[PDB]
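Residue numbers (PDB author numbering), protein chains in the order written: chain F, 53 to 226, 370 to 422, 426 to 489; chain A, 53 to 226, 370 to 422, 425 to 489; chain B, 53 to 226, 370 to 421, 426 to 489; chain C, 53 to 226, 370 to 422, 426 to 489; chain E, 53 to 226, 370 to 422, 425 to 489; chain D, 53 to 226, 370 to 422, 426 to 489.
Where is the CB? At the ideal position from N, CA and C, for every residue including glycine.
Notes to accompany the following structure.
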Amino acid sequence: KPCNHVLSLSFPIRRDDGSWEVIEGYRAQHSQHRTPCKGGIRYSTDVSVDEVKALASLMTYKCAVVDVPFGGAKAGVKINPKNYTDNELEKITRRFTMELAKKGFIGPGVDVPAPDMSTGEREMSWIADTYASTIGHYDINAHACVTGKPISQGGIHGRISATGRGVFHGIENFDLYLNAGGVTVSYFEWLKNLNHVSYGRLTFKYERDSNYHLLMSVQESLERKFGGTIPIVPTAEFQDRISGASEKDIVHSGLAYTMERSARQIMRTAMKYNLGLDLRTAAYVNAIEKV
Amino acid sequence: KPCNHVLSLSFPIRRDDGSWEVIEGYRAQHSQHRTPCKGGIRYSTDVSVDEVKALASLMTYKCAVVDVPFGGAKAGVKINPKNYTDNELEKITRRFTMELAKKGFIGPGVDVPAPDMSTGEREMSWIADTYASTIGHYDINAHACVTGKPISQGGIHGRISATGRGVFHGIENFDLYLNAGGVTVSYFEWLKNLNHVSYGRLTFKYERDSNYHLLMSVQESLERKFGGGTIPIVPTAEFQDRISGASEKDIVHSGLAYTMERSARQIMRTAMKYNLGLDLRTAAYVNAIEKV
Amino acid sequence: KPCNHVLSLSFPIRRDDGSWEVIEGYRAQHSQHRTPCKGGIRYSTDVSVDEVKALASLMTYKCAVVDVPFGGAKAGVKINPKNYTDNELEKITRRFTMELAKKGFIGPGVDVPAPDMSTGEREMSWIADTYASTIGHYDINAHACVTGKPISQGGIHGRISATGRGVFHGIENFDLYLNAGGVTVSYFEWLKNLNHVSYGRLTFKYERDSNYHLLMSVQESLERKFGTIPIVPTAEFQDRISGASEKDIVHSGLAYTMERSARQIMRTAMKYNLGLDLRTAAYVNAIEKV
Amino acid sequence: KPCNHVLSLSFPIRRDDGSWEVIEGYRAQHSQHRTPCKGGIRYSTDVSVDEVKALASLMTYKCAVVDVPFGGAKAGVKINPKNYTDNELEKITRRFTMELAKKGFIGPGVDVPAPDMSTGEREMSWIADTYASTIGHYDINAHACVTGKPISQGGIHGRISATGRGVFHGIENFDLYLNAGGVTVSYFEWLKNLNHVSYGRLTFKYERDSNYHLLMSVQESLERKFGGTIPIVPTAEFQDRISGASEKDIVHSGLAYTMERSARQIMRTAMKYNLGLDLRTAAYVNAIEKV
Amino acid sequence: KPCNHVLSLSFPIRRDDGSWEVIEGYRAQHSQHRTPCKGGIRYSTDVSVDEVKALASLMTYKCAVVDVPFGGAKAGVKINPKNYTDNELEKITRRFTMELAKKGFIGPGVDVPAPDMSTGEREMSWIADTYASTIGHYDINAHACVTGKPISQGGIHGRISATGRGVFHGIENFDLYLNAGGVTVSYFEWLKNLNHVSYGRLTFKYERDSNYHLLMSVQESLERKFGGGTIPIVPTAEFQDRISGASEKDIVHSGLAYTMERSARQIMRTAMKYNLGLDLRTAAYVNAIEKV
Amino acid sequence: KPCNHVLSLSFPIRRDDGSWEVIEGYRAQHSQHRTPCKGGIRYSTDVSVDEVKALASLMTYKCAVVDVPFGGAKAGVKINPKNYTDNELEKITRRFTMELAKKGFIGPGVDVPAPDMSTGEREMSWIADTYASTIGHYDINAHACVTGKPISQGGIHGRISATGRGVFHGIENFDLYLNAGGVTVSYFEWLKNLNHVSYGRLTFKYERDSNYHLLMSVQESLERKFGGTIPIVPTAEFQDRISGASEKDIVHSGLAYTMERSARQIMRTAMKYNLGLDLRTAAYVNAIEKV
């Protein structure tokens, strides 16, 4: 129930105007029953310890709902990003990463941050660069320390539309459940960074050849029965699927599978505990009993 | 041929009645040509250095037979498990893990223990917790240090059957070969722990859609030749159960069957090459020695 | 453009006759935007620092072209291999590995060497054994420190024909592009060594069962509609299933990489209005990817 | 001025009766300009974040005053030790050490804790044993992870006096200054643990031989001057000092030297800024300008 | 009481004629309550687990007697050194060091080996070079992995005469106590290797100047009390040789004498407290057990 | 004879005007027979790899002459420091340190740099801070990676006059020998940083009390012999030595000891090989046979 770790930070930054500023940030790690802990970073002037603790607990239960092996975490830096230049924001992000890494609050097997509405992929790129340069230099998984990265930096295809299509799939099956698509795709990005290869790179051509061979088998089997028949032509949509086979297809399929499994589990929990239309309680009971 | 790393341990535990007891343990590592080593832990009063060394050699040859890239290992703690409570067994297991980890005899890349007849998944969970908490805390593969874990702790689906399913497949194809199936599944669990994902998590839905599209293609190609009446789309019943119930167990079973078939073929080829009629044990041992 | 790191080594070896010889070597790492670096090791008397730097730059651009996430590297040892025995070459290789690994120029996540014209799989076996025994002993990826290894040492199936198969695929699609196929396969070997399992080990039987079930469904539907036998795969499909191995997956991945990078080069050549100068298109593609 | 890091901990323990209990804890590191940080651990039910931060700042300034190269730190566990048996107190101490060492808040070159009024040498023994057993085994200086240990566990001779001897020396020379004897003795214990040898082990006999040779030289020169005399014999108190030469003599001499130097520096600062009798301001100015 | 760690090794070497040989080795660590462990290595064909365990226990108690913060250890390689060339011995020593280092049985903070009657400073140099080159490469204290090294390789001055000097001092004060001078000097060598400086390097000239100033003070005070008439400034002969030849061996000898004197006092105190007669062995063992 | 390792670096820096610049550097490591290597860094546009190799060899032989257990090393950065501001010079120094430390060319047990004529103690501060912040953070000896630091950063007293005092001592005893005082004092600074304490901190008061007790012994013995007499008061020079006992006294005494011993060894070598006034050949022969 309670957050087991909470770190309060105070670090100096050297402003462009020529003044020193003290920046205070927070990082709450809720549960270490599953490692690493997954969590976003919020660049807002209204952040507090209570908010990061609550969001870390929510993150833990959200990960438990969609069977993502992550603990809950939440960071927050008490700044207004619209009052700082890009250089100052880069300095703030890199020093925050340094302080978190020194205290064991960042790392591919410890604590993986993610972007937020106030942050973005540039901040994730800065975090990954800072970690790989200084602390995670001798780590082969150094770039798996953060998710939400750009494609050139190790990001995953299909991350921008992850939350919306997760919401769509959750609605189609029928907060803790509907808003979990981004968490699943961040888990997939973490896996892809650990794999050091994109999804389907070794599989696409092989599966294409196997499908064509199956269609040729149907061809020849129907030609043997009666003496012209062409059961080798794929449908139009199958042809676009074959031609445009990429990582986003695998990511979308994994997201849909995860959402379907979680919806079935929530339905079964709601039936077992004699709940009606109160799906929030069913999801929370499922997450609590999984943890 | 000989075991190259035998470790004898004497460690103290506190009893439930408030006494102190010295516990003796042994860990044998036969070969490090393949890393990590792999082997079980026996809680028995009849354990000895000779037994663990022989079982480590057997583990090496068994892993070589089924193409599992593990060295042979074997542990033994000279206790009778039916004389201690669950708390004392917890303490014994955690202290044994601590000593083995300090002496470099357990780890995801050096030595992976497994359960036994006198040992279960609770001991494996205790070992994994102890290692991931103290020595392997700053290691992303900390929970790959042991196999036979519960599902919630990182265990693999399809481990209970394993040995029996492997025995069935070995008989179907036609000790060092027939009894290796469980070992194979343990290997898979190790890989799963290094993957940080369950098998088929990113593949099941994609393959299901591809199969449905293939059936769509057959349907639309046949409806062009003759005539909507033709429906080469509905899967066969059992194929529908396979689609609906696709899980990690299916992949584990398929991998086990593939490994058993490959090993049986290799053993038959070795028995033919060296002119061994019905003594398949000699053929399997020759195959394992040649591989090692 | 310039090489980030150049390391020069002078190390001693004890010959069979009992004399002491000083061996010169040098490793160039061009770029570290992608980790690890990747490059070959050349045993020759005509090697120079300029040669290894140029080949490291070419290695970086070659990796960029075929979307291989490796930096460029290249090593050279100033010896004539036809002047030393097998024991002397083993000693030279192992000491070179020790010196390179002490200074951070060998490692699964740092810098991966590969064989060359004057080196082979037996040199890579020595490198991997030396690294896994001394410096990278407590490293689960110790054998991913080098590629071009034998099958028993963790090598990949399909390595021998990699360069020629890539050349054929590149010609079929239509130096930086055509000669990259082997590099791609080396990448796969690295991935295999990080996976601790061979490709298709857990997939072949499952895919075979799925294909047979699909053909069974075709039989069931056709027999219910109108018996007929659309379950038998064709002979080529039949020996594809029977002979399903890791080298099939390696070949398919090589073909996929070649086809994708050929499309990328064609698109780059069209956009910058380069009619038949595909070398410039490939270099522009690689530069803009880096 | 502000504390750099504050860590909040919630960890579970098993009671003797067999009931799970959540224990709250805090550790503040004020400054990391000097490494390692140094600070005590208080087992009290009235501990709070504000108190540990204030005491960490005070520890930083106290260490700066007596030229001890440590940063300020302070830990507090919100328990009443009078309500726990020795076994569960041991469990609490070991688990607190485990979490603090996991998140980089205990270490020979990171953070050294010390006993308090509510803690003692047994808690320090538990902390040292826990750290040496689990987190640092390949650390050759794991013994130096904590101070205030017993002699058999690597403690320093003269630790009991420490504070009183420093108070007496400070009064004789004429809070931030008078109460810093224990900090200096803990610094000496840390140095002794890093040295892996007790003070004077390789020096006492050599110094005794040198002193006797000097006395013999004076004797022989006097006998040669006038044709005997007995300068060989030391005085009573010098003979007791020679016979009873131990490590605590060196510790006492070092403490006296540190107190004298700090008193001289504080007097110089008070003269420079024209402070008559407000020695607290002079000491704080000295510490601030040192940091 | 029992040895808590025993490691058995079987490792291959290649001889000059090319034949492969399997070499057996043992290393027993008795007590880890005081780290690092400390013990010698014996090259003999009559080595066994029982002898190395007994000698490790003896080493623990001997270190406890002379207040040396080391646990007891003992190693043995089952070879006859008079049957191998220097190259073969170098290979055997280096491979033994590698196997011990991979399993955590040698290290500056883990376990420090020492020479013996069948082993010398040459094998110590080989061990130190092997450890500092492969496993302890990124360790600032890789020098302190072993003791008994040559002076140029990090050895201590006053090591050859250590045992005899300790025996003489023990007799002067009046096995576990009399034969412990080598252990004390090996402890001093370990400390010197950790310090990265020789004893007295930064102190000799300072003490010389202070000693010459004290005598000058006495001379000037006497010249003021009475009517350069008096010369107290000159030291006596033996003091002059002590000043001129001040080196590390003097400090080592003084430390050894201090340790032996303190241990003799403690043994006398123990023999008086428990009312023991002329049997000092029992008093020494009781003292060592009480300290442990 | 040859240098074992020569590293060539090309790294980018950002200028104040807003332009990227490529900076070339290189560090030669002569021999690893005595870890760590030791050598200075020259910020000069005329540096070449041949000069750094020659100076590394000279450093090896110079260290061998004065019994300093360091291998030779030498670094050079091809910039003219007069063309850069302090900010971009700090950036250059920090990035050079980063690149050198990533590939095992900076470290307390690997390779210790030192200042030069074109490089001062502020560059040493930058190097030490960069190393202790990024790669050597979990190293207890992180601040021993470099010498020539300021006193507040872990520098040694008596470092400024080291070369001149060594030259004077060498002349009084009678390049490879005369110019080795700075190397010895840098070795003492490395030892001081390893010890984590100043020289004489735990010794000065003890020696003072011992000297006063010896004078008391002489006084009492002479009073008991003939009937008073005052052979207790130290001389003027001894009184200032007692009052002003500092670490620089120990450093000066160690330097004098090293110079005297090296002069004796060079004289013995010159006699042994029948060399006359050619002491340079004697010093080189001594260094060669010591290595």
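| Item | Value |
| --- | --- |
| Chain E contact for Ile428 of chain D (CB, 8 Å cutoff) | yes |
| Supposed contact pair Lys387 of chain B and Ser393 of chain B - C-beta distance, whole angstroms, cut 8 Å | 7 Å |
| Short CB-CB distance (under 8 Å) between residue 424 of chain C and chain D | Coordinates for residue 424 of chain C are absent, as chain C skips straight from 422 to 426. |
| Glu445 of chain E beta carbon less than 8 Å from that of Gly395 of chain E | yes |
| Three or more C-beta pairs below 8 Å linking the segment 119 to 128 of chain F and the segment 158 to 174 of chain D | no |
| 8 Å Cβ cutoff, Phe383 of chain D in contact with chain E | yes |
| Touching by the beta-carbon criterion (3+ pairs, under 8 Å), the segment 202 to 214 of chain E and the segment 436 to 453 of chain E | yes |
| Nearest-angstrom beta carbon gap, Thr215 of chain A and residue 326 of chain A [assumed within contact, 8 Å] | Not modelled: residue 326 of chain A, which lies between 226 and 370, the two residues flanking a gap in chain A. |
| Three-way DSSP call (helix, strand, coil) for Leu473 of chain F in this model | coil |
| Rounded separation between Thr186 of chain E and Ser185 of chain D - CA only | 27 Å |
| Contiguous alpha helix (DSSP H) assignments of at least 4 residues, all confined to the segment 428 to 473 of chain A | 434 to 441, 445 to 470 |
| CB-CB length for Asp68 of chain B against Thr145 of chain B, believed under 8 Å | Their Cβ separation, rounded to whole angstroms, is 15 Å, which puts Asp68 of chain B and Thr145 of chain B out of contact at 8 Å. |
| Sequence ranges, beta strand (DSSP E) only - wholly within the segment 378 to 403 of chain A, length at least 3 | none |
| Residues in the segment 156 to 187 of chain F having any Cβ partner in chain D nearer than 9 Å | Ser185, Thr186, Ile187 |
| Contact check, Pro121 of chain D vs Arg86 of chain D, beta carbons under 8 Å | yes |
| Cut-off 7 Å between Cβ atoms - residues of its own chain near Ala108 of chain D, not counting five sequence neighbours on either side | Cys55, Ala80, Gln81, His82, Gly91, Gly124, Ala125, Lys126 |
| Beta carbon proximity, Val219 of chain C to chain F, threshold 8 Å | no |
| Check whether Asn472 of chain C and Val117 of chain C have beta carbons under 8 Å apart | no |
| Strand pairing of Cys89 of chain B, partner residues [DSSP] | B:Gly123, B:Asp163 |
| Separation of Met176 of chain A from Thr112 of chain F, as counted between CA atoms | 25 Å |
| Residue-chain proximity (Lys154 of chain F, chain D), Cβ-Cβ < 8 Å | yes |
| Strand pairing of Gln81 of chain E, partner residues [DSSP] | E:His57, E:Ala125 |
| First and last residue of the uninterrupted alpha helix (DSSP H) at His221 of chain C | 215 to 225 |
| Same chain, Cβ closer than 7 Å to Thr149 of chain A, five either side skipped, listed in chain order | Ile158, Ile179, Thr182, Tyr183 |
| Proximity below 8 Å, CB of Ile428 of chain D to CB of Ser416 of chain E | yes |
| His195 of chain D at chain F interface by Cβ criterion, 8 Å | no |
| Residue-chain proximity (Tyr455 of chain C, chain D), Cβ-Cβ < 8 Å | yes |
| Interface residues of the segment 116 to 131 of chain E facing chain C [CB-CB below 9 Å] | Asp119, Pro121 |
| Bridge partners - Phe63 of chain A, DSSP secondary structure assignment | A:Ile75 |
| Proximal residues of chain A, C-beta to C-beta of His408 of chain B below 8 Å | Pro432, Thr433, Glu435, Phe436, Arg439 |
| Outcome for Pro64 of chain E when other beta-carbon atoms lying within 10 angstroms are tallied against a minimum of 16 | exposed |
| Where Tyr95 of chain A falls: helix, strand or coil (DSSP) | strand |
| Assigned secondary structure, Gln205 of chain E (DSSP; H/G/I helix, E/B strand, else coil) | helix |
| Under 7 Å from the C-beta of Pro54 of chain B: neighbouring residues of chain D | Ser62, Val74 |
| C-beta contact flag for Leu453 of chain E and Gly188 of chain E at 8 Å | no |
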